[PDB]
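Undergrad: Provided herewith is a single structure, encoded as structure tokens, for subsequent inquiry.
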Amino acid sequence: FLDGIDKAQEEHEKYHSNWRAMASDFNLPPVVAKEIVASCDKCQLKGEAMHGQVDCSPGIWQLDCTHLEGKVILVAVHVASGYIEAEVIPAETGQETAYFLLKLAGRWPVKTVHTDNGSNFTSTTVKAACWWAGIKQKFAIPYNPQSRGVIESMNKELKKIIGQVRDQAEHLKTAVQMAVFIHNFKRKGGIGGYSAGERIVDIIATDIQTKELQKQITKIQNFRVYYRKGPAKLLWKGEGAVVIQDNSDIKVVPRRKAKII
Amino acid sequence: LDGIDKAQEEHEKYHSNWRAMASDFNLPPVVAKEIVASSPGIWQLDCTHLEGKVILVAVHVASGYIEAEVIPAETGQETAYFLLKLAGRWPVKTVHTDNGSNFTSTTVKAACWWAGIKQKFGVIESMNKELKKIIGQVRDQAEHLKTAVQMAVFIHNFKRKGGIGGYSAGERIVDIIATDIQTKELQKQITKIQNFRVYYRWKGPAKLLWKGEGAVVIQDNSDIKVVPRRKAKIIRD
Amino acid sequence: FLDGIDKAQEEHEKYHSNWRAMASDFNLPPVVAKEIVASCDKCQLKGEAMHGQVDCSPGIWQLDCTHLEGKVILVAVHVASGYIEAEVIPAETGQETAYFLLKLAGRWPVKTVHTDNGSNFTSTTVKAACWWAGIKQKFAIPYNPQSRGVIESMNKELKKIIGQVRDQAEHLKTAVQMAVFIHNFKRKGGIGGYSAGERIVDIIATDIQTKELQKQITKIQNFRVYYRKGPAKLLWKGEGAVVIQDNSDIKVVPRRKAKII
Amino acid sequence: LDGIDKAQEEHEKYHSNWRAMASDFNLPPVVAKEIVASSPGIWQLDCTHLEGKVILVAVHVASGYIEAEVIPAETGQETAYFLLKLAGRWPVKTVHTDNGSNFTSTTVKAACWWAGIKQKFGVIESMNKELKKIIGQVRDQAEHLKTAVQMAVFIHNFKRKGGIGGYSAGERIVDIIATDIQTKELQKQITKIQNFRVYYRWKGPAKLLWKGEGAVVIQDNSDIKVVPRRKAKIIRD
Amino acid sequence: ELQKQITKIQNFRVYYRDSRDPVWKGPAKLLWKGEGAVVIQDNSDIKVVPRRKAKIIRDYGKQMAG
Amino acid sequence: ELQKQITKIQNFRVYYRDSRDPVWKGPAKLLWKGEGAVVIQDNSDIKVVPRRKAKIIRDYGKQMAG
Amino acid sequence: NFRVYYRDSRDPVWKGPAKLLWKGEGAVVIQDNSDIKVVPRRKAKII
Amino acid sequence: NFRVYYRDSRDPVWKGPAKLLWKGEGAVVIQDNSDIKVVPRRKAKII
DNA sequence: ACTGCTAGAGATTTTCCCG
DNA sequence: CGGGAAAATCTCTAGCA
DNA sequence: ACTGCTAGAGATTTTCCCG
DNA sequence: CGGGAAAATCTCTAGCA
Ligand SMILES: C[C@@H]1CCO[C@H]2Cn3cc(C(=O)NCc4ccc(F)cc4F)c(=O)c(O)c3C(=O)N12
Ligand SMILES: C[C@@H]1CCO[C@H]2Cn3cc(C(=O)NCc4ccc(F)cc4F)c(=O)c(O)c3C(=O)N12
Ligand SMILES: [Mg+2]
Ligand SMILES: [Mg+2]
Ligand SMILES: [Mg+2]
Ligand SMILES: [Mg+2]
Ligand SMILES: [Zn+2]
Ligand SMILES: [Zn+2]
């Protein structure tokens, strides 16, 4: 393909033909045509077609501001449950955000907050509020709303409910609180057919209960497990497989070639 | 299925409740509820004063969990907005107020009507004392009294472990509300099943308790009898 | 459910709970809860999750204007093949559009043009150009670009190529023509691994050839087919099934219970 | 597979080409190309004059199909832009111009270099006469001469059926370009296969013609022999 | 004669879509071509597809490959 | 004792996702809960899921239904 | 018959109920207060 | 090693090549002309 | 070193009910 | 074991701006 | 009475090659 | 019949603005 490869690079500098057009018009295997494409900086114009996945640990909250009828609505969602906390605030400032956040940390267990890079969220006063409450801050990649996908979707949902119940109130602050009520307790679905309020109660209750339970189990069940290695601590055994922890690496090895001591 | 008689004997000896009878002896909770059968939404409101400002404080009486904040003025509208917020954040069935003007206004009543809260006109006082004590401990860590009030609420709800099991008010309120959700779900199951009528082996009309995958539990003449599914014909009356 | 139904409508007027929340909180079968939702005008806020499909007959062209570096690029695509015709025009006016269109109709067989409702396309002069060339106009639903999906995607593709070859020219008009060349002849893919130029040649050639062929076949193969009815004209027979046309309704009835005369 | 000998006899009697030999006797076209073996990209350019304006006209000589338009001036840049447009719209390998200044400029040459067009310096004249005749027939249906020129191009390409098979220039050019695509594809297939060497039953090196699903066609000593796939070993030289 | 014509029609391929699937269904066999509809044959099956959902090519690469 | 505790842990359900599938995989069985990961049991199979991909509930409706 | 609720023509507010006149693949023709509208089925709900 | 081409931070123009420093699920950390950037994998191409 | 999601509308598939 | 009807599940969309 | 699409990047599945 | 490697196919995304 020596002749064909030189003609295809000359032609790609002019036209930037894709790998198929080169493979077809100059007798080249697909791998060589694809290599010619992959060597051109000018043809690197497309990302990989996937989506990541946001953190859904029990302690993560995604915060954002949204805007309606000229006012700023500060919205938080508990990622695991879909439970929202929202207030009309007078301006999009770090002072009101730090206050909202410190209230939230006093109301529910908050371990981590995840926001875009608006000035209210990156403010030093919000940083001092998080440091006092023990809240870790995580800032999304700039201008990637998909990273705040949960709270952005909650923005859409809260605005839809506000639009459904706007006529039952006068001030937007009241309609916002009504919509927070409606979302948290009057809409059921999701994983356990729950409402968001039921679901957050279940998530947090489960967190506390499992924490205590496994504390007691590990306090009682103390053994050492060899497989294939060293004294790997035992997590769980049953149904022909054993779960163990060898140097902070949890692996599921079958019962065969695994002994518990 | 076979531990039902054990559960009846346990209830006759010790008068245990349906939770223990359903967890120890493995029974669908409607069965244990039949054996045994044969607050979590109450909040206390009260405004308190400090540095010239009014601190509106809500207390979930069953847990000791606090929701407090500085309001601009002691009017009906401010109290009603606080109530809408509380109800949208927690299951609030009943509020216990003190006949004050704000707690009786037409707007607070309309908000309790919208949220479906019932209004009825000591713990609130002691909790206010605890709140003012924490507010005093942390007034210097903040400039405005609203920030200090929220700091104190945080300390009270998550940093003050007391009571029997050494829990915070937040853990307690989560446990109590989880129990109440279990209660509501069990009541929904009972209400569902209470409309059915059963005929088994064909004997008289019997009351349905469970339609398991391998058996059907019924209750005839105050006697809980387990029968196969083919041997019984469920209807709706 | 008489008691439960009255309480659920009272509650839905305030909160607009979804069908699950009502079914759960008031003992209602899902059909009754869903009916309460479906009776509220205020809860009809979502369309059906599908997409239509644009016409891809051999004679349809989708036209649109696009904008780059301050100039107006008029773009046509042949829907069946992906073949584009594009020119920088001096303004977005019906006069330049009628001229572009009449040229296109003189270059390729155009039966139908499909555009958005821009003023250039709805102009009376474009209408007179279509009437002289024998072109039927189809206007999409206003403000539904998905209806012009093919040409909008071609806009994206043409701008990407222009960006790849912009430095090889001076005036945007030249780079546009280069990009039209590159799209029509130097990018292969799609149904027959073709380029757009090859593909349009094949589509049109096939149209002409099949038209003549079936003309000759129907001219020769003349029969009448009864099944189950009347004298249904015969289209095709073979492999145990017969294809026939009974009152402009083409149905495939098996060989059994179908006789050809 | 079995009609190969029939194809050879037909080529000996009638000297038919590979199209008939591959369509009538059912042969992968590389087989018929071997039996038989043992313009469509040429355009004519020329500027013409009318009502004081210059009409640049391109003619696909094999079909009689026209691309004409009014240009502002007879310069290199205008001709080169017309050429880029033509080449992006059709497969253009070669253009036949008349040594005029516009047709020899550095810009037209650079555009032919970019598009990969070869330049070489009667039909054009007669076609211009036909175009001016149609332009005269339809000059009154339009105001500007450019619109009339495009109307005439339309009439010539799609409304003037002539020649043997009563086709328009558009149908003819589509047929001719389709034939040329078939030609290019057959040449690509031949170039692919021409690098292989075959050993069958083990005889000497033979030339591969087709690697079908049930047979393998080769050519040894000017003789086209069909053998099974297991009975032959293809390599690459 | 008529048999040659019918086999010729049957050399053409049809790409088509169904009324709710946006994927273009792979190369099928053309049995009949009408004004409003074409009759195809896709994997031992005779479907009737409307013209606006049908791309009909010969595919010169496969024709030349045999 | 320890058996009661282990069965209690095993009453909890786990919804989880895999690193490239956005669908939340249906209710699985909780075997172990750690700081960084939980060990589940989904349809006679033992997977190790990171905590940030795992929603752990008890589901009071099913608990009350038995 | 049928109730049709729709979002038309860049207005993100949902209107209706309207009468359904024609139901194609991808679009419907509705009659809302004497006005005939044409709406994509992505932007309507037929009851 | 790896070449990384990316589109960052609202600029629709694609930059690169950059060096890859870290590869997570959903994001990468690149080093382009001494600048550390963090980019979603939807907005990068690793060679 | 971080990361699309949520809820509803309609379609399709599984489960349960009485024979 | 068989259909029917109801539930459960799956697919897919806009809006978040 | 009209209607999302296109092309590329990466993953997964089918096909072909010599044993 | 068996793997390996290469092709074909399938899945899924942004930008069209
Ligand atoms: C000045 C701060 C910080 C820097 O960036 C800006 C601009 N911005 C833009 C959007 C937005 O484009 N939403 C539509 C959307 C698109 C895709 C998706 F997955 C989710 C979506 F919500 C926001 O929501 C938002 O909060 C902001 C904002 O706050 N800021
Ligand atoms: C004044 C004319 C007539 C009336 O409407 C306006 C405004 N408009 C808006 C877009 C646009 O929003 N493209 C983004 C997009 C979104 C989704 C999708 F499927 C395809 C897409 F291209 C156009 O492309 C466009 O040509 C116009 C236009 O021409 N006009
Ligand atoms: Mg924001
Ligand atoms: Mg936002
Ligand atoms: Mg437009
Ligand atoms: Mg457009
Ligand atoms: Zn390139
Ligand atoms: Zn409603």
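Undergrad: Find which of D:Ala87, D:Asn221, D:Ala110 sits farthest along the positive direction of the dipole of the stretch D:85-227, computed with +1 on the beta-carbon of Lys and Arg, -1 on that of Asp and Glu, about the Cα centre.
TA: Most positive-ward Cα: D:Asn221.
Undergrad: Enter the Cα centre distance for the pair chain G and the stretch D:1-34, rounded to the nearest angstrom.
TA: 62
Undergrad: Over 22 Å between C-alpha atoms is what I'm after, so list which of D:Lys33/D:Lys225; D:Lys6/D:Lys231; C:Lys42/F:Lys55; A:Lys186/C:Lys46 land there. Present the calculation step by step, with values, prior to reporting the outcome.
TA: Values: D:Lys33/D:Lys225 15 Å; D:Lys6/D:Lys231 24 Å; C:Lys42/F:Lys55 33 Å; A:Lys186/C:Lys46 19 Å.
Beyond 22 Å: D:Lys6/D:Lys231; C:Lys42/F:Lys55.
Undergrad: Also, I was wondering about something else. Could you state the angle between the C-alpha long axis of helix E:2-11 and the longest principal axis of the C-alpha atoms of chain E, as a value from 0 to 90 degrees rounded to the nearest 10?
TA: 50
Undergrad: Averaged across the residues of A:2-9, what count of C-beta atoms belonging to other chains lies within 10 Å of each residue's C-beta? Before the final figure, lay out the partial values.
TA: Numbers: counts 0, 0, 1, 0, 0, 0, 0, 0.
Neighbouring Cβ atoms belonging to other protein chains average 0 per residue here.
Undergrad: Ok, one more. Could you compute how fast the stretch A:28-88 diffuses translationally, taking Rh as the Kirkwood radius over C-alpha pairs and applying Stokes-Einstein at 4 °C with viscosity 1.567 mPa s? Give it in µm² per second. List each step's numbers first, then the result.
TA: Numbers: Rh = 16.1 Å.
Roughly 81 µm²/s, to the nearest whole number.
Undergrad: At q = 0.14 Å⁻¹, what is the log10 ratio I(q)/I(0) for chain A, with the Debye formula run over Cα points and no solvent?
TA: Calculated log10 I(q)/I(0) at the listed q: -0.94.
Undergrad: Which translational diffusion coefficient, to the nearest whole µm²/s, is obtained for the stretch B:117-208 from the Stokes-Einstein equation, given a Kirkwood hydrodynamic radius over C-alpha pairs, 10 °C and 1.306 mPa s?
TA: It diffuses with D of about 90 µm²/s by this estimate.
Undergrad: Separation of the stretch A:204-247 and the stretch C:244-261 by C-alpha centroid, Å?
TA: 71
Undergrad: How many nm separate the modelled label positions at D:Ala215 and C:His67, each set 7 Å beyond the Cα in the direction of the Cβ?
TA: 6.5
Undergrad: Same structure again: Taking neighbour Cβ counts within 10 Å as the exposure measure, how do F:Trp32, B:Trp90 sort from fewest upward?
TA: B:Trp90, F:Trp32
Undergrad: Shifting gears a bit: For the protein assembly as shown, give me the percentage of DSSP beta bridges that are antiparallel, rounded to the nearest 5 percent.
TA: On the way: 186 of 212 bridges.
Looking only at bridges with both residues in the protein assembly as shown, the antiparallel portion is about 90 percent.
Undergrad: Over chain D, with a single point scatterer placed on each C-alpha, what log10 of the ratio I(q)/I(0) does the Debye formula yield at q = 0.12 1/Å?
TA: Taking Cα atoms of chain D as identical point scatterers yields -0.79.
Undergrad: Sticking with this one: Under a point-charge model restricted to the Cβ atoms of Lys and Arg (+1) and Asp and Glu (-1), what is the dipole moment magnitude of the protein assembly as shown relative to its Cα centre, in debye to the nearest 20?
TA: Computed charge dipole of the protein assembly as shown: roughly 4020 debye.
Undergrad: Once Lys and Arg get +1 and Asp and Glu get -1 on their Cβ, which of B:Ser101, B:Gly204, B:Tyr167 lies farthest toward the positive end of the dipole of the stretch B:90-237?
TA: About the Cα centre, the residue reaching furthest to the positive side is B:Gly204.
Undergrad: Determine, for A:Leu234, B:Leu209, the number of other Cβ atoms within 10 Å of each Cβ, and report the residues in order from fewest to most.
TA: A:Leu234, B:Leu209
Undergrad: A further question follows. Which distance in Å, rounded to a whole number, links the C-alpha centroids of the stretch C:141-157 and the stretch A:37-115?
TA: 32
Undergrad: Taking a cut-off of 16 Å between Cα atoms, list the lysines near D:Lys118, but don't count ones fewer than 8 places away on the same chain.
TA: D:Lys85, D:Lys93, D:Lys109
Undergrad: Would you mind getting the Kirkwood hydrodynamic radius of the protein assembly as shown from its Cα pairs, rounded to one decimal in Å?
TA: By the Kirkwood definition, the hydrodynamic radius is 37.5 Å.
Undergrad: Along the charge dipole of the protein assembly as shown, pointing to its positive end and built from +1/-1 on Cβ of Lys, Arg, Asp and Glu, which listed residue (A:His51, C:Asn155, B:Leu1) has its Cα farthest out?
TA: B:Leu1
Undergrad: Further question: Could you list C:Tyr194, E:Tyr16 so that the one with the fewest beta carbons within 10 Å of its beta carbon is first and the one with the most is last?
TA: Arranged by neighbour count, lowest to highest, C:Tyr194, E:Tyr16 become E:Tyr16, C:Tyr194.
Undergrad: What is the sum of charges, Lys and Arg at +1 and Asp and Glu at -1, for the other residues whose Cβ falls under 10 Å from the Cβ of C:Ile84?
TA: Values: positive: D:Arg89; negative: C:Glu85, C:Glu157.
Its environment carries a net charge of -1.
Undergrad: Once every DSSP H run of n ≥ 4 in the protein assembly as shown is given -39500 (n - 2.57) and the sum is divided by its residues, what mean residue ellipticity at 222 nm do you get, rounded to the nearest 500 deg cm²/dmol? If you can, show how the numbers build up before the last one.
TA: Details: 38 runs with 472 residues, N = 1222.
Mean residue ellipticity at 222 nm (helix-derived): -12000 deg cm²/dmol.
Undergrad: Pop the C-beta distance of A:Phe1 and C:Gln168 into the FRET formula with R0 = 25 Å and round what comes out to the nearest 0.05.
TA: 0.40
Undergrad: If R₀ is 60 angstrom, what is the calculated FRET efficiency for the pair B:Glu125 and H:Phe2, using the beta carbon separation as r and rounding to 0.05?
TA: Efficiency, rounded to the nearest 0.05: 0.35.
Every read-out reported here was derived from the displayed coordinates using simple, explicitly stated rules and does not represent laboratory data. Positions of Cβ are generated from backbone atoms using ideal geometry, with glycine treated the same way; all protein chains shown enter the neighbour counts.
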